[PDB]
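What follows is a single structure, written as structure tokens, with notes after it.
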Amino acid sequence: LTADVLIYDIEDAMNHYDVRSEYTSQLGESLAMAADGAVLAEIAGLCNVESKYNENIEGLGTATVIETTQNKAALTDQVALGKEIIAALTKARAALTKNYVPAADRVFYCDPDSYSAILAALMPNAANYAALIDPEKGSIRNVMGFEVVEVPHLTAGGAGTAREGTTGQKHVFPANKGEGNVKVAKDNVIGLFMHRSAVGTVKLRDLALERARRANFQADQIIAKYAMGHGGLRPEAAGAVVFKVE
Amino acid sequence: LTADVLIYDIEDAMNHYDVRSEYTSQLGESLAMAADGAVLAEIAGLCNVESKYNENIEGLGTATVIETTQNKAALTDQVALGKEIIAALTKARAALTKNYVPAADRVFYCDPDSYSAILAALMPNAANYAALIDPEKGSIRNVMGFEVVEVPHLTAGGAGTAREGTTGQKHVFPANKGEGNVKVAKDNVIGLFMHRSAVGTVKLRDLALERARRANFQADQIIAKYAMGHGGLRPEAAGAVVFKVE
Amino acid sequence: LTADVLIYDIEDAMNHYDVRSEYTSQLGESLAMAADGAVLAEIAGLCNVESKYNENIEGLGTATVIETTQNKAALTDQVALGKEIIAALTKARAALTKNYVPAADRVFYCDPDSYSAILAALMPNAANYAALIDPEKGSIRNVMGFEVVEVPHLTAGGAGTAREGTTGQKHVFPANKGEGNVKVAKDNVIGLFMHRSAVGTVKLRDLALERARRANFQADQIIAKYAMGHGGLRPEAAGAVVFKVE
Amino acid sequence: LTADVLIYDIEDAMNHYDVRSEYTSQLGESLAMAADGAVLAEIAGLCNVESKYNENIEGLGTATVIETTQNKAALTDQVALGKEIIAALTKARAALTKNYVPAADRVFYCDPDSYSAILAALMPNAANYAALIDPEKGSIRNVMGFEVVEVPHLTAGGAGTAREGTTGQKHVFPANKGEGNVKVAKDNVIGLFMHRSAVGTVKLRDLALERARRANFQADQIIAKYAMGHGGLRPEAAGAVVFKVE
Amino acid sequence: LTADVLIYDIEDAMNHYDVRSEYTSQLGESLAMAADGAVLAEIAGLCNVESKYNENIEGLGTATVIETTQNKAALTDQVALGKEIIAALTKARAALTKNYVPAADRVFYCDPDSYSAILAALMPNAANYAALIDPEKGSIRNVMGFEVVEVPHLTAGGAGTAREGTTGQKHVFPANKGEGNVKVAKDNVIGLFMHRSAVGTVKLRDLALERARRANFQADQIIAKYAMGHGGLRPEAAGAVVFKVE
Amino acid sequence: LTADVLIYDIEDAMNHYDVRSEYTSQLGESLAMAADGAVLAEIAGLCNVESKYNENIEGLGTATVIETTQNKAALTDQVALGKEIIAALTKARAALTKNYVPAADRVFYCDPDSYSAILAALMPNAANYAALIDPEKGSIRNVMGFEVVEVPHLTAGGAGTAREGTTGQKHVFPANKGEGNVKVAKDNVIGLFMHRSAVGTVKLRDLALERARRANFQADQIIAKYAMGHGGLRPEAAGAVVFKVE
Amino acid sequence: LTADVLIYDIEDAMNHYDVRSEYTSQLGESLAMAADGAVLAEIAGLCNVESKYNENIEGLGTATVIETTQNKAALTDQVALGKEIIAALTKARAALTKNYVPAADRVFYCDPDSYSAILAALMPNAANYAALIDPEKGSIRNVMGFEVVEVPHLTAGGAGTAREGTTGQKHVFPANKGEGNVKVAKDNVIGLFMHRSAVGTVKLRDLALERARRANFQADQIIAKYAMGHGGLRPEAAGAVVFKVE
């Protein structure tokens, strides 16, 4: 449900508005640099950048809290609101990188390399050095330093067996936190396990769109919810979350 | 009798009010993630955030203090009151994780893993690395960092032999205090020894309840207590303390 | 497009002003000193500092941002401005060491040794020890410690096979960063790959021009750009960027 | 649905109130006596009185009535309210002896002997003399005379064939009324047929809970109920109804 | 003379006042509780507590300090006062457990088991595992975790040869300090050597008297003391120190 | 010359005054505890404590500074004064434990055991566990925790090879500081190397006399010192420094 | 050229004035520890606190800066002045430990042990533990904790392989900064690499001369410097820098 917000920040975000949810990531931009001195040429390249389209009812996943706990603790609502936002904002990042889009996508394995590739066997016991070479492959045009999204299990596997550092991962850190990977900070979440690492740059794979955060619609008006006072705080992922390329 | 208050704070706490004692935890709520779109299913998620039962004579454990000491030191009563509260509030966390409920439960060994499992032999001399992997298993869905409850013996044994750190436990700390374990602070109490560590999340095993603290009923009205002035301060655990899943 | 600003700093920079772009580097020099006591000998200290000439307009490289992204995110303009500057200030260092001058130069391979030489085969799998001996050749009169500009691919090649250190390069470091090479910090960029290392002195190969940074001319006045609101933020490398000796 | 209220009255009832419903039954009891002239003696007595547990959605069984009949007859609401109360207060007595507890219990045959036993074949055509000997087993310790619950079928069967009296049951009486069985009054309900009779003391089998009667909520607020005026009076058994031992 | 104050704290202390010194300890008691659900059987919890009698002058043994030391160092008096208090308060614990009462007691060997028993040969080189089982015998009604009082020589003997841990004692610790034994902290003093460990509960063996601490009576009024200025600061163990059962 | 001040503090200090320097340490004190019942006896023991005698001219060892440095830095005098005080106050401790008394003593090896014994071979490479048992032997009548004086060399030997802890000494600490040995803080000085550790009680071995600190007599009145301005700040150990027993 | 100022601070500094540059360190002062007593042992220790002599052209190393940059940035002069001061104040520390004295000295390898010794092969890959033992050899007579000067290469080599700590040096720190070595802070400069560590006491090897800092003489009066405006800022090391013992 809830993970770390790290792939959202580096990744591009936008807000087009229609009946669906809409987004722009800094994709291609060839941009004919023409020429000069004497004399100029027409900007015969073109304005690029991508804008895409997605229509499905906001990724739902209700949360339910009783009136007694709602009254005893006033904070538990705002904390729930503050937890479920992140949950679908990470069900964003994962579903912006590779996981569950509101529209049904293929259930996938590891985090995208340059973009999602087939899962292969790794020579060391934990997933390894393919990390270093990846956002290093993104050392071309390309800006480096990308949050490799690893499962905590392979992080402990990293902390145990051969890695960039045999003890700890690339950097010795606890799971699910702003930590340290190859050339930047690591990301630890479930669903996305590390294989060949991520260079989430930041377009082809990822692109965040939101009218607002995941919509927290709390309905006290249900056939059973009204009398108990039990709440129906339903996370419906307002805005959205999509990959253009796996 | 008295232990450390650490599993109570992270644990869910509530107050309904019968003649008994009652509690609500954020239990395995079937938050049926009905992605819906169009059209829905009636969320296969019936409100499962539990409220549960316990009823017995409030956890007894009398402490008898003389009138002469009661008059010589005025503080000895409030300190006793301030010690026995914690005692059954830690007999709470204990009988909230795995120990002695007012109602007779099975006498159990180590602290619950994800929940209580059969005791197994550990490779190193002290109980080990299963520590890190546990609240790291609580790095999925879950928030991580759970107070692993360990005996001062295995803590000092950890401070002696192979652990996360060969000297000290996971963190070098004295026993029976807010210290340091895997990814958070450790707990050190007698009765609950460490094996495979705890991911007290937070509902399934643990859930605190109380009308009030353990009921301190001091009776000066006993056949032998009145003439001596000797007090009959009897800790009867008001509210109470329970597990739903061992 | 964008690389690291490391060669620019160690490289000499100036600003003459005419219709063209201009620059001065401290070329070869006789720091004649002679022997003392009584009496001294002649100091034929004739400095051979240079000033050169280049007439071509500002290495262009337009960038494009839609009005919607410009309005939603105010930062994306200043970040673009702050990215494209570096891009052509590194297209500078590059076309100041060996890359693409505003005036058409020969497309070249590796980074200059003492200056650009023919590409030869290297005995170890990655590009090697010729590193250490290069700024060691830069120890006579010469100041030592020059940022050897290596491609990321050979950096991981270094981090894999025989180098100064078999694991890591000369120093175990991330790409595209102020890292570590032979007797100083390394530079990692694409286009300039390591062969026989650089003794960037400092002058002969390198010399920075600038009236200002790469000129960012944003035109909202294009036949298609005005109605969309899409921006024509055109990088044109103001000042310039040239080698005297390849 | 609706039966006779007789087992409820002879049964122990209590009101604790938390979130789930609660109850205390006198688990038997011991009593003593004293003598005079001189020299008064003390009574050695232990008034056995247990208390237990039931959490579930209040025993449902909606009854829908139209606005036209609600307006035509004002009494039809209070009569319905006065009928459904008894219904779940007899679904009480039933699920207090052996029937349908809010929590799913095993579907059972006849009324408890001393407590629910296996159904056996009876020698006479109708269920017989085991009646007299049962509250005669309640002649020792226990008080005697317990409302044996029988179906109108075996009552009319008793009225036809060999019983305590060949014509009529133990006493000649109509079905579903405060009548006459062995040593006391009989009970006649459907669901609980007579086999070996009942010594409903009072505890082990039976114990009545109630914050209030079965909660009568009438909803004029349903998608189809508002326009028609049709009422949604739903019997949800507030308090509860249980067996400690079948 | 001086030892550790650890047995005094766990042991009961009181103050009756007459010509002699006096004390009260909570002797072995019945905490009759009985069963519930129902219904409490007889609580014949007749508390057996004790108060005893001892007559002799306060365990003496002077302490000499010259006027020149008293004048030069002002602290050496308060330090002496602060050392001799402990000395006879540990001659207390000692003559409260097993040592030298103001009234002549039998010169004894080891620390009391459940109470003083005959000294036997121990299988391992140092005194051993009888340790763990002693406060484990103290796990019925009996409280656990008692400061096992051991001689330093057997503590290093423990630190050398087979114990609970072959290196160190039960816990690897310095002598004469709040250290670590079986299921609690150890006590290290002379006179009381370890054999079969102590379950110092907390009455039968031990009970502390005191009107005040060991009475420090400094007399500058002796035929030889006045002229030299030499002080006759005499420890006389005010209150007292006794065993009821060896 | 200069060492650490740690043995001086734990050791008894005094000041008798005549032509010589004089001192009293808390040696023996028999102390006839006598008794009572009724029924006292004369204190037939006797007040003891030791006072001793030493006559030699204050341990000399000049410190000669120049006027130019004395005028340039005013602090260099007070710092010298503040260094040489410690020097002969550590030449005290070492000459209070075993080193150089103003009166010619035998040149000795290691620090006193219970008092200076013959140097023997130690089983581990560095000087070892005899440490733990020593001030532990001083856990009897004796108070524990004595600053074991060790050479920095054997401290590194401790930090390198088998000790109480294989890395670090008894405690991992830098040399010549208030550190950590067996049961207290360690002392590191040259001249006194560790063999079998010290139980500096406190008297028999040690006793500090001082009229004042080591006398800092600065003479600007020497045949060569007056014209140069060069100072003759000569440390003459005012007060003294002696062992009663080696 | 420029290094860190750390050896200068711990080193003695002075200022005699003649035609040459001059200096006084607290050198091997024969502080004849003539214990004296009687019968004057006229201190066989002549005042040996040294004052030495050195005459040569102030350490040259010109830095030429153009008028255009001098006018464009006013700070570049004061920064240069503030950089070259340190340069020859570290060429000081260097030619105060072992480097380049104004008078021609032998070109040497590593930093002095107790003073410069022959370079030997070290067992571990980087230069090692001889670190800890060295200022620990200066834990005798001497004050300890001396800035061991090491190259960034062996620092990063130390950060890679076996040292006091396998990761990092003695302390994990960046190169060319006030960091951490054995017992104190480390120094990292090029030219002085680490072998067996430094006990810079403080005197024997080191001693700083200065009338002032390295003399910054900027001449705008050269045959080619006047018309261009190019400055002739020549670092001629005023004061001086010498070893008395290598």
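Labels used: A, B, ... for chains in the order of the structure tokens, numbers from 1 for residues in each chain, and numbers from 1 for ligands as shown.
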
Please build the interface table for chain E against chain D with a cut-off of 7 Å, listing for each qualifying residue the nearest atom pair and the distance in Å to one decimal; count only C-alpha atoms, order rows by chain and increasing number, and write it as a Markdown table.
```
| residue | atom | partner | partner_atom | distance |
| --- | --- | --- | --- | --- |
| E:37 | CA | D:50 | CA | 4.5 |
| E:38 | CA | D:49 | CA | 4.1 |
| E:39 | CA | D:48 | CA | 5.0 |
```

Kindly save the residues from that selection, with C-alpha atoms included, as a tab-separated table (two decimals), in the first residue's frame.
```
chain	number	residue	atom	x	y	z
E	37	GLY	CA	-15.97	-16.88	36.37
E	38	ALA	CA	-18.23	-17.30	39.29
E	39	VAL	CA	-17.25	-17.29	42.51
```

**Prompt:** residue B:225: which residues within 12 Å, counting only C-alpha atoms, same-chain residues fewer than 3 positions away excluded, as a VMD selection string?
**Reply:** (chain B and resid 64 to 67 218 to 222 228 to 233) or (chain E and resid 45 to 49)

**Request:** May I have the residues within 9 Å of residue E:145 as a list in words, using only C-alpha atoms and disregarding those fewer than 4 positions away in the same chain?
**Result:** residues 135, 136, 138, 181, 182, 183, 184, 185, 199 and 200 of chain E

Write the residues of the preceding selection, restricted to C-alpha atoms, as a PDB file, in the first residue's frame.
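Okay, result33.pdb is ready:
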```
ATOM      1  CA  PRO E 135      16.057 -18.044  41.716  1.00  0.00           C
ATOM      2  CA  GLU E 136      14.358 -20.481  39.307  1.00  0.00           C
ATOM      3  CA  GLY E 138      12.288 -18.650  43.224  1.00  0.00           C
ATOM      4  CA  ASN E 181      24.595 -12.834  38.072  1.00  0.00           C
ATOM      5  CA  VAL E 182      21.767 -15.285  37.359  1.00  0.00           C
ATOM      6  CA  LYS E 183      18.639 -13.444  36.117  1.00  0.00           C
ATOM      7  CA  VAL E 184      19.757 -10.162  37.803  1.00  0.00           C
ATOM      8  CA  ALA E 185      22.827  -8.269  39.139  1.00  0.00           C
ATOM      9  CA  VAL E 199      17.274 -16.699  46.620  1.00  0.00           C
ATOM     10  CA  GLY E 200      17.346 -13.950  49.272  1.00  0.00           C
TER      11      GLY E 200
END
```

**Message:** List the spatial neighbours of residue G:159 as a ChimeraX atom specification - criterion: any atom at most 9 Å away, only C-alpha atoms, same-chain residues fewer than 4 positions off excluded.
**Reply:** /G:154-155,163,165-173

**Request:** Any chance you could list, as a PyMOL selection string, the residues in stretch 69-200 of chain D that come up helix (DSSP H, G or I) when DSSP is run on the backbone?
**Result:** chain D and resi 69-72+75-97+130-137+152-160

**DSSP strand (DSSP E or B) residues within chain F, listed as a VMD selection string** = chain F and resid 13 to 14 16 to 17 21 to 25 50 to 54 60 63 149 to 150 187 to 188 208 to 209 215 to 218 233 to 236 241

**Prompt:** Separation of atom CA of residue F:104 and atom CA of residue F:190, in Å?
**Reply:** 19.1 Å

**Request:** Tell me, as a PyMOL selection string, which residues lie within 8 Å of stretch 125-130 of chain A, counting only C-alpha atoms; anything in the same chain fewer than 5 positions away does not count.
**Result:** chain A and resi 154+157-158+161-164+194-197

Output file for the residues above (N, CA and C atoms, as a PDB file, in the first residue's frame):
```
ATOM      1  N   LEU A 154      16.398  -7.902  -0.699  1.00  0.00           N
ATOM      2  CA  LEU A 154      17.659  -7.839  -1.433  1.00  0.00           C
ATOM      3  C   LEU A 154      18.588  -6.769  -0.861  1.00  0.00           C
ATOM      4  N   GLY A 157      20.004  -8.851   1.747  1.00  0.00           N
ATOM      5  CA  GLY A 157      20.859  -9.720   0.945  1.00  0.00           C
ATOM      6  C   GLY A 157      22.116  -8.973   0.551  1.00  0.00           C
ATOM      7  N   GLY A 158      21.942  -7.703   0.192  1.00  0.00           N
ATOM      8  CA  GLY A 158      23.057  -6.803  -0.061  1.00  0.00           C
ATOM      9  C   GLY A 158      23.899  -6.580   1.179  1.00  0.00           C
ATOM     10  N   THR A 161      25.702 -10.357   1.633  1.00  0.00           N
ATOM     11  CA  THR A 161      26.625 -10.910   0.634  1.00  0.00           C
ATOM     12  C   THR A 161      27.235  -9.847  -0.294  1.00  0.00           C
ATOM     13  N   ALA A 162      28.001 -10.308  -1.285  1.00  0.00           N
ATOM     14  CA  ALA A 162      28.752  -9.447  -2.204  1.00  0.00           C
ATOM     15  C   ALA A 162      27.893  -8.409  -2.927  1.00  0.00           C
ATOM     16  N   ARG A 163      28.279  -7.144  -2.769  1.00  0.00           N
ATOM     17  CA  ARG A 163      27.648  -6.006  -3.440  1.00  0.00           C
ATOM     18  C   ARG A 163      28.733  -5.008  -3.835  1.00  0.00           C
ATOM     19  N   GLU A 164      28.354  -3.741  -4.009  1.00  0.00           N
ATOM     20  CA  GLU A 164      29.331  -2.655  -4.094  1.00  0.00           C
ATOM     21  C   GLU A 164      30.101  -2.588  -2.779  1.00  0.00           C
ATOM     22  N   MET A 194      15.174  -4.998  -7.096  1.00  0.00           N
ATOM     23  CA  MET A 194      16.309  -4.604  -7.922  1.00  0.00           C
ATOM     24  C   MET A 194      16.931  -5.802  -8.635  1.00  0.00           C
ATOM     25  N   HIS A 195      17.261  -5.594  -9.907  1.00  0.00           N
ATOM     26  CA  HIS A 195      17.902  -6.593 -10.751  1.00  0.00           C
ATOM     27  C   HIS A 195      19.067  -5.887 -11.447  1.00  0.00           C
ATOM     28  N   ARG A 196      18.822  -5.407 -12.663  1.00  0.00           N
ATOM     29  CA  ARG A 196      19.664  -4.402 -13.289  1.00  0.00           C
ATOM     30  C   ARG A 196      18.996  -3.070 -12.961  1.00  0.00           C
ATOM     31  N   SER A 197      19.766  -2.158 -12.374  1.00  0.00           N
ATOM     32  CA  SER A 197      19.226  -0.954 -11.732  1.00  0.00           C
ATOM     33  C   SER A 197      18.513   0.053 -12.642  1.00  0.00           C
TER      34      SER A 197
END
```

**Message:** Which residues are near residue G:4? Cut-off 7 Å, only C-alpha atoms, ignore same chain within fewer than 2 positions. Put them as a PyMOL selection string.
**Reply:** chain G and resi 6+90+176-177+189

**Item:** D:80, D:240, D:5, D:40 ranked by distance to residue D:214, top pick (using only C-alpha atoms)
**Value:** D:240
